[PDB]
Amino acid sequence: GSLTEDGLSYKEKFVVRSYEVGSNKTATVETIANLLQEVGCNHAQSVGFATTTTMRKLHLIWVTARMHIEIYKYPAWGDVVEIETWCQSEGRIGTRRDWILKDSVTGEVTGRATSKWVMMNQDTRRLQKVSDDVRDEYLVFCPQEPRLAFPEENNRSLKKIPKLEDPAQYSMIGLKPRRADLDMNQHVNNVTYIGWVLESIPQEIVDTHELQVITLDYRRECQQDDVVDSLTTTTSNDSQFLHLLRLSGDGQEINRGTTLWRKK
Amino acid sequence: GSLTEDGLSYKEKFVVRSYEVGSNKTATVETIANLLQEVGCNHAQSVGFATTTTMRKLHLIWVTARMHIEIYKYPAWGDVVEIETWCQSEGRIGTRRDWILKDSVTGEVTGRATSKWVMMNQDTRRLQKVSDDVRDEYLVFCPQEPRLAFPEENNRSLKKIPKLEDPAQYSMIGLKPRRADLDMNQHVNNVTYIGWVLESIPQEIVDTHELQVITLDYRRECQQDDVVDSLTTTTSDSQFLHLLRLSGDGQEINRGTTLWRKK
Ligand SMILES: CCC(=O)Nc1ccc(C)cc1O
Ligand SMILES: CCC(=O)Nc1ccc(C)cc1O
């Protein structure tokens with residue numbers, strides 16, 4: 001992988017692996033999300049990091065608030081996918097990381113993603129606005145003119161997501177993370193939540209449809225010793241679902257999301 | 001990746017990814033097992049496949065009976081690991097696939113693995129001996145002289161594993177596979193079983209020790225809708241005896257052993 005000529009974005013190629021594919025011999029949405037994370041980590045490393053010098057001094061971290069992914073074509077096993085990623089400040093609200101996925105052979109856009117990140121104190125878990133000193137430290141690595149993966153006016157990445165009301169149409173109960181679901185800091189990987197959301201989609205939908213869009217809001221973190229319930233209700237040739245992840249015990253919300261599926 | 005000069009083995013390099021590492025910033029044993037599986041699949045593809053023409057005609061498949069992995073150094077995040085793999089017939093019993101793992105920069109061996117595979121009818125699930133016709137079409141892709149990743153006479157890869165007796169010292173119950181745990185044929189990936197075995201090792205062992213050796217026997221397959229209990233007892237470096245069994249009737253799915261070195 002490498003930073004592009006202007007040093008304001010990063011590109012990387014990936015060959016899709018045998019264990020990374022689903023029933024259609026194409027990459028799962030969790031494989032795609034892991035590749036978005038890997039290209040994001042390589043970009044931060046290439047520019048000197050995603051904690052800045054000031055962030056480490058104040059025990060501050062970047063946490064995901066929202067993830068939005070749209071896939072037009074899933075790469076097949078053995079195919080090369082090229083991913084370009086960049087960041088932008090969104091004032092004092094936080095930062096945004098965007099991605100464009102392309103078929104390396106044709107150069108055609110096969111997917112796009114956008115994510116909203118907020119600043120949080122590592123210890124107290126209290127969110128806070130971005131300070132000017134932090135904003136200046138990462139503006140030298142971001143394009144100054146706006147560059148959006150989802151530029152459209154009424155695009156799906158910025159829509160408000162409602163809370164699923166009981167009873168759910170579908171559910172998958174008692175979901176627990178294992179050690180493979182943890183990152184290097186022993187926190188549950190953000191991609192695991194995408195998997196848990198999808199666990200409550202009925203197998204007949206998975207067998208006859210392909211996932212086109214997934215929007216996920218992150219409200220609270222699941223601990224290593226927490227248990228999760230995944231809930232889904234159809235809200236609709238295309239099928240749409242409303243999703244909710246909540247702790248199995250008290251029903252505390254972990255995530256809420258929406259998925260859009262098109263018939264194969 | 002590519003077949004070596006003689007066409008009798010296959011090599012591939014991998015850069016260790018950020019999500020592939022554990023708390024020590026080094027590749028997990030499940031990342032290693034996934035890389036062994038990927039280099040195995042690429043080898044089969046490069047030689048024309050791991051079912052042959054005769055196996056497809058009779059609905060025959062290769063199934064894992066035993067996996068044995070020994071790691072001396074786990075590659076760090078960003079490091080390049082080179083893996084060489086080859087196969088060998090073991091008469092009518094089945095086939096063996098071996099691997100050597102190296103640090104790409106130093107050329108030093110950082111790990112090794114061996115696996116025993118048996119022939120099974122995909123429909124009835126009945127094990128069968130390897131026929132002459134199948135041995136013949138496999139032998140042209142295997143070294144004729146023996147080439148062993150674990151050559152030592154009476155090594156850890158060929159030791160008999162006993163059945164854990166109740167009560168277990170440690171346990172992790174109610175383990176269920178999700179869709180990410182399935183392969184392209186909707187069967188539970190063999191690497192998931194390694195993860196489930198390790199789930200019953202206490203966190204204090206994981207925090208103060210590194211996994212050096214894991215030997216795993218595969219007895220039965222876990223279905224998409226099955227629930228598993230993972231059981232561990234210390235038999236001692238720290239050594240453990242392991243058992244995976246269905247949560248309900250207690251039907252055995254796997255048995256294994258692990259050896260851990262103090263960090
Ligand atoms: C260190 C750079 C960074 O933000 N990494 C990152 C982690 C998770 C996801 C989903 C996307 C990512 O880009
Ligand atoms: C298709 C070639 C093949 O044998 N692949 C394979 C699958 C699983 C494991 C654990 C190792 C492997 O090498």
# chains A, B, ... in the order shown; residues from 1 in each chain; ligands from 1
>>> residues_around(residues="region 188-199 of chain B", least_positions_apart="3", cutoff="10 Å", atoms="only C-alpha atoms", output="JSON list (two decimals) with N, CA and C atoms, in the first residue's frame")
[["chain", "number", "residue", "atom", "x", "y", "z"],
["A", 19, "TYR", "N", -10.85, -18.47, 2.74],
["A", 19, "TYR", "CA", -11.67, -18.41, 3.96],
["A", 19, "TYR", "C", -12.46, -17.10, 4.11],
["A", 178, "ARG", "N", -15.87, -14.31, 21.27],
["A", 178, "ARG", "CA", -14.76, -15.17, 21.66],
["A", 178, "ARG", "C", -13.43, -14.36, 21.51],
["A", 179, "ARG", "N", -12.26, -14.95, 21.83],
["A", 179, "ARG", "CA", -11.00, -14.19, 21.74],
["A", 179, "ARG", "C", -10.68, -13.71, 20.35],
["A", 180, "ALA", "N", -11.09, -14.46, 19.30],
["A", 180, "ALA", "CA", -10.91, -14.03, 17.92],
["A", 180, "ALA", "C", -11.70, -12.76, 17.61],
["B", 28, "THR", "N", -2.46, -14.24, 15.98],
["B", 28, "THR", "CA", -3.06, -15.28, 16.81],
["B", 28, "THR", "C", -2.84, -16.67, 16.16],
["B", 29, "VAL", "N", -3.04, -17.76, 16.92],
["B", 29, "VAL", "CA", -2.91, -19.10, 16.35],
["B", 29, "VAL", "C", -4.02, -19.36, 15.30],
["B", 30, "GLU", "N", -5.16, -18.67, 15.42],
["B", 30, "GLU", "CA", -6.24, -18.77, 14.45],
["B", 30, "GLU", "C", -5.88, -18.04, 13.17],
["B", 31, "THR", "N", -5.13, -16.92, 13.25],
["B", 31, "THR", "CA", -4.65, -16.26, 12.03],
["B", 31, "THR", "C", -3.65, -17.20, 11.34],
["B", 32, "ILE", "N", -2.74, -17.82, 12.11],
["B", 32, "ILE", "CA", -1.78, -18.75, 11.54],
["B", 32, "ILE", "C", -2.50, -19.90, 10.82],
["B", 33, "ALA", "N", -3.49, -20.54, 11.50],
["B", 33, "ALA", "CA", -4.27, -21.64, 10.92],
["B", 33, "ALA", "C", -5.02, -21.25, 9.65],
["B", 34, "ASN", "N", -5.52, -19.99, 9.56],
["B", 34, "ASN", "CA", -6.20, -19.47, 8.37],
["B", 34, "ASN", "C", -5.18, -19.31, 7.22],
["B", 37, "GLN", "N", -4.35, -22.73, 5.77],
["B", 37, "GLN", "CA", -5.48, -23.12, 4.94],
["B", 37, "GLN", "C", -5.46, -22.39, 3.58],
["B", 63, "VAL", "N", -11.21, -35.01, 4.27],
["B", 63, "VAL", "CA", -11.62, -34.42, 5.53],
["B", 63, "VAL", "C", -10.45, -34.45, 6.52],
["B", 64, "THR", "N", -10.29, -33.42, 7.36],
["B", 64, "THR", "CA", -9.21, -33.41, 8.35],
["B", 64, "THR", "C", -9.48, -34.38, 9.49],
["B", 67, "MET", "N", -4.81, -32.12, 13.14],
["B", 67, "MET", "CA", -4.04, -30.91, 12.85],
["B", 67, "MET", "C", -3.00, -30.76, 13.99],
["B", 170, "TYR", "N", -11.66, -26.53, 33.86],
["B", 170, "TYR", "CA", -12.19, -25.30, 33.25],
["B", 170, "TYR", "C", -13.22, -25.64, 32.17],
["B", 171, "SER", "N", -14.11, -24.69, 31.85],
["B", 171, "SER", "CA", -15.11, -24.90, 30.82],
["B", 171, "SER", "C", -15.65, -23.58, 30.29],
["B", 172, "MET", "N", -16.14, -23.61, 29.06],
["B", 172, "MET", "CA", -16.78, -22.49, 28.40],
["B", 172, "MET", "C", -17.95, -23.14, 27.66],
["B", 173, "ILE", "N", -19.17, -22.85, 28.07],
["B", 173, "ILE", "CA", -20.34, -23.52, 27.53],
["B", 173, "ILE", "C", -21.23, -22.63, 26.65],
["B", 175, "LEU", "N", -21.17, -22.40, 23.24],
["B", 175, "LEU", "CA", -20.53, -21.85, 22.05],
["B", 175, "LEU", "C", -21.30, -22.18, 20.75],
["B", 176, "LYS", "N", -21.68, -21.16, 19.97],
["B", 176, "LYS", "CA", -22.42, -21.36, 18.73],
["B", 176, "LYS", "C", -21.71, -20.70, 17.58],
["B", 177, "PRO", "N", -21.67, -21.35, 16.41],
["B", 177, "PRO", "CA", -21.06, -20.68, 15.25],
["B", 177, "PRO", "C", -21.99, -19.62, 14.64],
["B", 178, "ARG", "N", -21.40, -18.55, 14.11],
["B", 178, "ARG", "CA", -22.17, -17.54, 13.38],
["B", 178, "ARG", "C", -21.83, -17.70, 11.86],
["B", 179, "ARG", "N", -22.43, -16.89, 10.96],
["B", 179, "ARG", "CA", -22.18, -17.05, 9.52],
["B", 179, "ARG", "C", -20.74, -16.84, 9.13],
["B", 180, "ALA", "N", -20.00, -15.97, 9.86],
["B", 180, "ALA", "CA", -18.58, -15.76, 9.62],
["B", 180, "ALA", "C", -17.77, -17.02, 9.92],
["B", 181, "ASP", "N", -18.26, -17.93, 10.77],
["B", 181, "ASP", "CA", -17.58, -19.19, 11.06],
["B", 181, "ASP", "C", -17.78, -20.27, 9.99],
["B", 182, "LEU", "N", -18.63, -20.03, 8.98],
["B", 182, "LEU", "CA", -18.87, -21.02, 7.93],
["B", 182, "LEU", "C", -17.96, -20.79, 6.73],
["B", 183, "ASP", "N", -17.60, -21.87, 6.04],
["B", 183, "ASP", "CA", -16.83, -21.80, 4.80],
["B", 183, "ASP", "C", -17.79, -21.58, 3.60],
["B", 184, "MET", "N", -17.27, -21.55, 2.37],
["B", 184, "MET", "CA", -18.09, -21.38, 1.17],
["B", 184, "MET", "C", -19.15, -22.49, 0.96],
["B", 185, "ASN", "N", -18.97, -23.68, 1.57],
["B", 185, "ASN", "CA", -19.95, -24.77, 1.46],
["B", 185, "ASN", "C", -20.92, -24.85, 2.64],
["B", 202, "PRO", "N", -7.87, -20.58, 30.86],
["B", 202, "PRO", "CA", -8.06, -19.36, 31.68],
["B", 202, "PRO", "C", -7.28, -18.15, 31.16],
["B", 203, "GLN", "N", -7.88, -16.96, 31.27],
["B", 203, "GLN", "CA", -7.29, -15.71, 30.80],
["B", 203, "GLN", "C", -5.90, -15.42, 31.41],
["B", 206, "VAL", "N", -3.35, -17.20, 29.29],
["B", 206, "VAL", "CA", -3.23, -16.45, 28.04],
["B", 206, "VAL", "C", -2.38, -15.18, 28.22],
["B", 211, "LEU", "N", 1.20, -19.76, 23.46],
["B", 211, "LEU", "CA", 0.90, -21.10, 22.96],
["B", 211, "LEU", "C", 2.06, -21.59, 22.07],
["B", 214, "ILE", "N", -0.15, -27.11, 19.64],
["B", 214, "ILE", "CA", -1.55, -27.49, 19.68],
["B", 214, "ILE", "C", -1.72, -28.70, 18.76],
["B", 215, "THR", "N", -2.31, -29.78, 19.27],
["B", 215, "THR", "CA", -2.61, -30.98, 18.51],
["B", 215, "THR", "C", -4.13, -31.16, 18.64],
["B", 216, "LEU", "N", -4.83, -31.29, 17.53],
["B", 216, "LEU", "CA", -6.27, -31.41, 17.53],
["B", 216, "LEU", "C", -6.76, -32.58, 16.68],
["B", 218, "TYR", "N", -10.14, -34.47, 15.04],
["B", 218, "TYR", "CA", -11.48, -34.14, 14.55],
["B", 218, "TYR", "C", -12.28, -35.45, 14.48],
["B", 221, "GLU", "N", -18.37, -33.46, 13.01],
["B", 221, "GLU", "CA", -18.61, -32.11, 12.57],
["B", 221, "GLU", "C", -19.70, -31.41, 13.41],
["B", 222, "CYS", "N", -19.52, -30.11, 13.71],
["B", 222, "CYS", "CA", -20.53, -29.32, 14.42],
["B", 222, "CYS", "C", -21.42, -28.70, 13.33],
["B", 223, "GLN", "N", -22.73, -28.90, 13.44],
["B", 223, "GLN", "CA", -23.67, -28.33, 12.47],
["B", 223, "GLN", "C", -23.88, -26.84, 12.77],
["B", 224, "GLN", "N", -24.42, -26.11, 11.79],
["B", 224, "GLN", "CA", -24.77, -24.69, 11.87],
["B", 224, "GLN", "C", -25.68, -24.43, 13.09],
["B", 228, "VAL", "N", -21.93, -26.06, 21.39],
["B", 228, "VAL", "CA", -20.74, -26.76, 21.87],
["B", 228, "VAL", "C", -20.28, -26.31, 23.26],
["B", 229, "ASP", "N", -19.77, -27.26, 24.04],
["B", 229, "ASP", "CA", -19.14, -27.02, 25.33],
["B", 229, "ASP", "C", -17.65, -27.32, 25.17],
["B", 230, "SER", "N", -16.80, -26.41, 25.65],
["B", 230, "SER", "CA", -15.34, -26.51, 25.56],
["B", 230, "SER", "C", -14.79, -26.82, 26.97],
["B", 231, "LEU", "N", -14.06, -27.93, 27.12],
["B", 231, "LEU", "CA", -13.57, -28.37, 28.42],
["B", 231, "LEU", "C", -12.05, -28.51, 28.43],
["B", 232, "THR", "N", -11.39, -28.10, 29.53],
["B", 232, "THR", "CA", -9.94, -28.11, 29.68],
["B", 232, "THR", "C", -9.52, -28.54, 31.10],
["B", 241, "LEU", "N", -5.22, -30.78, 28.59],
["B", 241, "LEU", "CA", -6.00, -31.77, 27.84],
["B", 241, "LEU", "C", -7.34, -31.08, 27.51],
["B", 242, "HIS", "N", -7.83, -31.24, 26.28],
["B", 242, "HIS", "CA", -9.03, -30.54, 25.84],
["B", 242, "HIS", "C", -10.10, -31.47, 25.28],
["B", 243, "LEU", "N", -11.38, -31.07, 25.42],
["B", 243, "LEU", "CA", -12.51, -31.78, 24.84],
["B", 243, "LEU", "C", -13.63, -30.81, 24.40],
["B", 244, "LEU", "N", -14.09, -30.92, 23.14],
["B", 244, "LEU", "CA", -15.26, -30.20, 22.64],
["B", 244, "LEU", "C", -16.34, -31.27, 22.49],
["B", 253, "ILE", "N", -16.92, -33.96, 19.67],
["B", 253, "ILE", "CA", -16.68, -33.43, 18.34],
["B", 253, "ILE", "C", -15.15, -33.36, 18.12],
["B", 254, "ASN", "N", -14.37, -32.97, 19.15],
["B", 254, "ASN", "CA", -12.91, -32.90, 19.08],
["B", 254, "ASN", "C", -12.29, -33.21, 20.44],
["B", 255, "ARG", "N", -11.04, -33.63, 20.40],
["B", 255, "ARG", "CA", -10.16, -33.76, 21.55],
["B", 255, "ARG", "C", -8.78, -33.21, 21.14],
["B", 256, "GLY", "N", -8.08, -32.61, 22.08],
["B", 256, "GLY", "CA", -6.76, -32.04, 21.79],
["B", 256, "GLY", "C", -5.90, -31.82, 23.00],
["B", 257, "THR", "N", -4.68, -31.35, 22.77],
["B", 257, "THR", "CA", -3.70, -31.00, 23.81],
["B", 257, "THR", "C", -3.00, -29.69, 23.41],
["B", 258, "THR", "N", -2.66, -28.86, 24.39],
["B", 258, "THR", "CA", -1.90, -27.63, 24.15],
["B", 258, "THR", "C", -0.70, -27.56, 25.11]]
>>> interface_residues(of="chain A", to="chain B", cutoff="9 Å", atoms="only C-alpha atoms", output="PyMOL selection string")
chain A and resi 17-26+28+30-31+34+37-38+41-42+174-176+178-180+182-186+189+195-196+198-199
>>> write_last_selection(atoms="N, CA, C and O atoms", output="compact mmCIF listing (two decimals), in the first residue's frame")
# COMPACT_ATOMS: atom_id res chain seq x y z
N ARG A 17 -9.17 -14.00 -0.17
CA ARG A 17 -8.78 -15.34 0.30
C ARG A 17 -9.90 -16.36 0.37
O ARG A 17 -11.05 -15.98 0.58
N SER A 18 -9.56 -17.65 0.24
CA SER A 18 -10.52 -18.77 0.30
C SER A 18 -11.42 -18.74 1.54
O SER A 18 -12.63 -18.97 1.42
N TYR A 19 -10.85 -18.47 2.74
CA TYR A 19 -11.67 -18.41 3.96
C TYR A 19 -12.46 -17.10 4.11
O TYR A 19 -13.31 -16.99 5.00
N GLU A 20 -12.19 -16.11 3.26
CA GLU A 20 -12.87 -14.81 3.32
C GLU A 20 -14.20 -14.78 2.55
O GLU A 20 -14.91 -13.76 2.61
N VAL A 21 -14.55 -15.86 1.82
CA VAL A 21 -15.77 -15.85 1.01
C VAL A 21 -16.93 -16.66 1.59
O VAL A 21 -16.72 -17.66 2.29
N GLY A 22 -18.15 -16.25 1.22
CA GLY A 22 -19.39 -16.92 1.59
C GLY A 22 -19.83 -17.97 0.57
O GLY A 22 -19.01 -18.43 -0.24
N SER A 23 -21.12 -18.34 0.61
CA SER A 23 -21.72 -19.36 -0.26
C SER A 23 -21.64 -19.06 -1.76
O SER A 23 -21.57 -19.98 -2.56
N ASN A 24 -21.64 -17.77 -2.15
CA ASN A 24 -21.54 -17.40 -3.56
C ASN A 24 -20.11 -17.27 -4.09
O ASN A 24 -19.91 -16.77 -5.21
N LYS A 25 -19.10 -17.74 -3.30
CA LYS A 25 -17.68 -17.63 -3.63
C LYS A 25 -17.22 -16.17 -3.78
O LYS A 25 -16.25 -15.89 -4.47
N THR A 26 -17.93 -15.23 -3.11
CA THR A 26 -17.56 -13.82 -3.08
C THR A 26 -17.37 -13.36 -1.62
O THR A 26 -17.91 -13.98 -0.69
N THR A 28 -17.48 -11.81 1.98
CA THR A 28 -18.59 -11.45 2.86
C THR A 28 -18.50 -9.95 3.20
O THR A 28 -17.45 -9.33 3.00
N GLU A 30 -18.36 -8.78 6.13
CA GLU A 30 -17.41 -8.75 7.24
C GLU A 30 -15.99 -8.78 6.73
O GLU A 30 -15.15 -8.11 7.32
N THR A 31 -15.71 -9.50 5.61
CA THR A 31 -14.38 -9.45 5.01
C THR A 31 -14.14 -8.03 4.47
O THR A 31 -13.10 -7.44 4.76
N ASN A 34 -13.36 -5.67 7.35
CA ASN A 34 -12.01 -5.93 7.87
C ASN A 34 -10.97 -5.27 6.95
O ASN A 34 -10.02 -4.71 7.45
N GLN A 37 -10.91 -1.49 7.53
CA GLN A 37 -10.18 -1.26 8.77
C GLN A 37 -8.68 -1.38 8.56
O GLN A 37 -7.94 -0.52 9.02
N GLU A 38 -8.23 -2.44 7.84
CA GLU A 38 -6.81 -2.61 7.53
C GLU A 38 -6.24 -1.44 6.69
O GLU A 38 -5.14 -0.96 6.99
N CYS A 41 -5.94 1.56 9.01
CA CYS A 41 -4.79 1.45 9.90
C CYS A 41 -3.49 1.70 9.17
O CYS A 41 -2.61 2.33 9.73
N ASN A 42 -3.37 1.23 7.92
CA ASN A 42 -2.14 1.45 7.15
C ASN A 42 -1.96 2.92 6.76
O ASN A 42 -0.85 3.41 6.77
N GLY A 174 -28.43 -14.74 22.82
CA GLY A 174 -27.28 -15.34 23.47
C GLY A 174 -25.96 -15.26 22.75
O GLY A 174 -25.10 -16.09 22.99
N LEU A 175 -25.77 -14.25 21.88
CA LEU A 175 -24.51 -14.04 21.15
C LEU A 175 -23.36 -13.56 22.07
O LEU A 175 -23.51 -12.57 22.78
N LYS A 176 -22.24 -14.29 22.09
CA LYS A 176 -21.10 -13.93 22.93
C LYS A 176 -19.85 -13.83 22.10
O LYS A 176 -19.58 -14.71 21.28
N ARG A 178 -15.87 -14.31 21.27
CA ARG A 178 -14.76 -15.17 21.66
C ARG A 178 -13.43 -14.36 21.51
O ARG A 178 -13.50 -13.18 21.13
N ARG A 179 -12.26 -14.95 21.83
CA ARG A 179 -11.00 -14.19 21.74
C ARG A 179 -10.68 -13.71 20.35
O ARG A 179 -10.11 -12.62 20.21
N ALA A 180 -11.09 -14.46 19.30
CA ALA A 180 -10.91 -14.03 17.92
C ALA A 180 -11.70 -12.76 17.61
O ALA A 180 -11.31 -12.01 16.72
N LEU A 182 -11.84 -10.15 19.56
CA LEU A 182 -11.21 -9.01 20.22
C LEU A 182 -10.09 -8.44 19.37
O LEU A 182 -9.40 -9.17 18.67
N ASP A 183 -9.87 -7.13 19.48
CA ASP A 183 -8.75 -6.46 18.81
C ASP A 183 -7.49 -6.56 19.71
O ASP A 183 -7.53 -7.18 20.77
N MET A 184 -6.37 -5.94 19.29
CA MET A 184 -5.14 -5.95 20.06
C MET A 184 -5.27 -5.31 21.46
O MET A 184 -4.47 -5.62 22.34
N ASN A 185 -6.28 -4.45 21.69
CA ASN A 185 -6.48 -3.83 23.02
C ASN A 185 -7.54 -4.54 23.87
O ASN A 185 -7.99 -3.97 24.86
N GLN A 186 -7.93 -5.78 23.48
CA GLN A 186 -8.91 -6.64 24.15
C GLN A 186 -10.34 -6.07 24.14
O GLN A 186 -11.17 -6.47 24.95
N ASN A 189 -14.01 -6.15 18.35
CA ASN A 189 -13.77 -5.55 17.04
C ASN A 189 -15.10 -5.01 16.48
O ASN A 189 -16.12 -5.69 16.62
N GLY A 195 -21.51 -8.58 12.09
CA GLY A 195 -21.84 -10.00 12.04
C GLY A 195 -23.05 -10.34 12.90
O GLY A 195 -23.97 -11.02 12.43
N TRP A 196 -23.07 -9.82 14.15
CA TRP A 196 -24.18 -10.04 15.09
C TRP A 196 -25.49 -9.46 14.55
O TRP A 196 -26.51 -10.13 14.63
N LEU A 198 -26.39 -9.14 11.37
CA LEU A 198 -26.74 -10.03 10.28
C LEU A 198 -27.21 -11.41 10.73
O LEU A 198 -27.99 -12.04 9.99
N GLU A 199 -26.86 -11.83 11.96
CA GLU A 199 -27.27 -13.12 12.50
C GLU A 199 -28.78 -13.28 12.60
O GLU A 199 -29.27 -14.40 12.52
>>> select_by_dssp(residues="region 159-206 of chain A", states="strand (DSSP E)", output="ChimeraX atom specification")
/A:170-175
>>> residues_near_ligand(ligand="ligand 1", cutoff="8 Å", atoms="only C-alpha atoms and all ligand atoms", output="VMD selection string")
chain A and resid 33 to 34 36 to 45 49 to 50 62 64 67 97 115 189 to 191
>>> write_last_selection(atoms="C-alpha atoms", output="JSON list (two decimals), in the first residue's frame")
[["chain", "number", "residue", "atom", "x", "y", "z"],
["A", 33, "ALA", "CA", -15.31, -4.29, 6.70],
["A", 34, "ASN", "CA", -12.01, -5.93, 7.87],
["A", 36, "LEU", "CA", -11.68, -1.13, 5.21],
["A", 37, "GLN", "CA", -10.18, -1.26, 8.77],
["A", 38, "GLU", "CA", -6.81, -2.61, 7.53],
["A", 39, "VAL", "CA", -6.48, 0.10, 4.82],
["A", 40, "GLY", "CA", -7.48, 2.72, 7.50],
["A", 41, "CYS", "CA", -4.79, 1.45, 9.90],
["A", 42, "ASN", "CA", -2.14, 1.45, 7.15],
["A", 43, "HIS", "CA", -3.03, 5.06, 6.19],
["A", 44, "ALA", "CA", -2.62, 6.24, 9.88],
["A", 45, "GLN", "CA", 0.73, 4.39, 10.12],
["A", 49, "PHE", "CA", 0.42, 7.60, 13.87],
["A", 50, "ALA", "CA", -5.14, 7.06, 15.20],
["A", 62, "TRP", "CA", -11.31, 8.15, 18.28],
["A", 64, "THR", "CA", -16.83, 4.96, 15.72],
["A", 67, "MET", "CA", -20.50, 3.05, 9.71],
["A", 97, "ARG", "CA", -13.15, 8.44, 7.12],
["A", 115, "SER", "CA", -17.76, 6.43, 8.81],
["A", 189, "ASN", "CA", -13.77, -5.55, 17.04],
["A", 190, "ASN", "CA", -16.33, -3.21, 15.35],
["A", 191, "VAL", "CA", -16.77, -5.78, 12.54]]
>>> atom_distance(atom1="CA of residue 104 (chain A)", atom2="CA of residue 1 (chain A)")
13.5 Å
>>> select_by_dssp(residues="region 50-167 of chain B", states="alpha helix (DSSP H)", output="VMD selection string")
chain B and resid 53 to 57 132 to 139
>>> atom_distance(atom1="CA of residue 58 (chain B)", atom2="CA of residue 132 (chain B)")
13.9 Å
>>> residues_around(residues="residue 253 (chain A)", least_positions_apart="4", cutoff="12 Å", atoms="only C-alpha atoms", output="short mmCIF file (atom, residue, chain, number, x, y, z; two decimals) with N, CA, C and O atoms, in the first residue's frame")
data_model
loop_
_atom_site.label_atom_id
_atom_site.label_comp_id
_atom_site.auth_asym_id
_atom_site.auth_seq_id
_atom_site.Cartn_x
_atom_site.Cartn_y
_atom_site.Cartn_z
N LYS A 163 -35.70 3.33 16.68
CA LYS A 163 -35.48 2.21 17.60
C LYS A 163 -36.55 1.15 17.34
O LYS A 163 -37.73 1.47 17.27
N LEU A 164 -36.11 -0.10 17.14
CA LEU A 164 -36.99 -1.23 16.88
C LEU A 164 -37.91 -1.43 18.11
O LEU A 164 -37.43 -1.42 19.23
N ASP A 217 -25.24 2.35 13.66
CA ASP A 217 -24.97 3.31 14.71
C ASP A 217 -24.40 2.55 15.92
O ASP A 217 -24.91 1.48 16.26
N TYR A 218 -23.36 3.09 16.54
CA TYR A 218 -22.69 2.51 17.70
C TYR A 218 -23.04 3.36 18.93
O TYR A 218 -22.70 4.55 19.00
N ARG A 219 -23.79 2.78 19.86
CA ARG A 219 -24.24 3.52 21.05
C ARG A 219 -23.43 3.21 22.27
O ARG A 219 -23.10 4.10 23.05
N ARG A 220 -23.09 1.95 22.43
CA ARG A 220 -22.38 1.45 23.59
C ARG A 220 -21.53 0.25 23.18
O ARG A 220 -21.85 -0.45 22.22
N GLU A 221 -20.49 0.00 23.93
CA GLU A 221 -19.58 -1.09 23.69
C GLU A 221 -20.01 -2.40 24.40
O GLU A 221 -20.55 -2.36 25.50
N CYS A 222 -19.83 -3.56 23.74
CA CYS A 222 -20.12 -4.86 24.35
C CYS A 222 -18.81 -5.31 25.03
O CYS A 222 -17.75 -5.27 24.40
N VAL A 227 -23.44 -10.50 26.98
CA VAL A 227 -24.21 -11.37 26.09
C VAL A 227 -25.18 -10.48 25.32
O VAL A 227 -25.79 -9.59 25.91
N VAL A 228 -25.31 -10.69 24.02
CA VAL A 228 -26.10 -9.84 23.14
C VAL A 228 -27.25 -10.56 22.45
O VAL A 228 -27.14 -11.73 22.08
N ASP A 229 -28.37 -9.85 22.27
CA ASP A 229 -29.53 -10.30 21.51
C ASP A 229 -29.60 -9.44 20.25
O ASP A 229 -29.49 -8.20 20.33
N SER A 230 -29.77 -10.09 19.10
CA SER A 230 -29.85 -9.45 17.78
C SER A 230 -31.30 -9.49 17.29
O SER A 230 -31.87 -10.56 17.17
N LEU A 231 -31.89 -8.34 17.02
CA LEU A 231 -33.30 -8.26 16.63
C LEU A 231 -33.48 -7.59 15.26
O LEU A 231 -32.78 -6.63 14.97
N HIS A 243 -32.79 -2.95 12.47
CA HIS A 243 -32.04 -3.82 13.37
C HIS A 243 -31.76 -3.20 14.73
O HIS A 243 -31.56 -1.99 14.82
N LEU A 244 -31.65 -4.05 15.76
CA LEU A 244 -31.29 -3.64 17.11
C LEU A 244 -30.45 -4.71 17.83
O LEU A 244 -30.86 -5.87 17.88
N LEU A 245 -29.30 -4.33 18.38
CA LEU A 245 -28.48 -5.19 19.24
C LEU A 245 -28.65 -4.61 20.64
O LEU A 245 -28.54 -3.39 20.82
N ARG A 246 -28.96 -5.45 21.61
CA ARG A 246 -29.10 -5.02 22.99
C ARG A 246 -28.58 -6.10 23.92
O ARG A 246 -28.56 -7.26 23.54
N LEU A 247 -28.14 -5.73 25.13
CA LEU A 247 -27.64 -6.71 26.10
C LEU A 247 -28.75 -7.66 26.51
O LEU A 247 -29.85 -7.19 26.76
N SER A 248 -28.47 -8.99 26.56
CA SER A 248 -29.48 -10.03 26.84
C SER A 248 -30.21 -9.86 28.15
O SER A 248 -31.37 -10.25 28.26
N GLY A 249 -29.52 -9.32 29.14
CA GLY A 249 -30.11 -9.12 30.45
C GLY A 249 -31.07 -7.96 30.51
O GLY A 249 -32.27 -8.11 30.25
N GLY A 257 -29.38 -0.31 13.48
CA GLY A 257 -28.99 -0.22 12.07
C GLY A 257 -30.11 -0.54 11.11
O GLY A 257 -31.22 -0.82 11.53
#
>>> atom_distance(atom1="CA of residue 121 (chain B)", atom2="CA of residue 219 (chain B)")
15.3 Å
